[PDB]
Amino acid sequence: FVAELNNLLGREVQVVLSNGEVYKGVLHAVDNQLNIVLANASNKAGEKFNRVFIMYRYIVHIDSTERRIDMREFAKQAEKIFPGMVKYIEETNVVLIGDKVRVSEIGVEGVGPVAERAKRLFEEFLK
């Protein structure tokens, strides 16, 4: 889940370690090996650090109490519904469905059958 964690950069998360400690802080960096860097983090003992560099071998799991919106995931779901018609545009963080429908994190822009199936997907997706 490197991709999903990349969507949480800048958001608060909790990382539970095999030595029993739990650090909560802003997700600062994630790499392919799942090493993690937290910013302005703290542990249960209430200790605070500008940065905590966490070795991936000791990470049990990472928790988020935040529902955020990931348009790449929406694009994955949209491909199942409009196969061959979906493009994620990292430049504007939008998902294009054909060349007349545009989905952003606020919703679907466009008209007709496609746009209505899309609106329906987006709504499911938001839940």
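In case it trips you up, residue 1 is the first one in the sequence shown, and so on.
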Inset, instruction - Determine, for stretches 78-86 and 31-39, which one has the higher mean CA B-factor as deposited. - result: 78-86
Inset, instruction - Going by the average Cα B-factor in the PDB entry, point out whether 97-105 or 57-65 comes out higher. - result: 97-105
Legend entry - Residue with maximal Cα B-factor (values as given in the PDB entry) among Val13, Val16, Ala115, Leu9: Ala115
Inset, instruction - Would you mind ranking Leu126 by its C-alpha B-factor against the rest of the chain and naming the third, lowest, middle or highest? - result: highest
Legend entry - Third of the chain's Cα B-factor distribution that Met71 belongs to, per the entry: middle
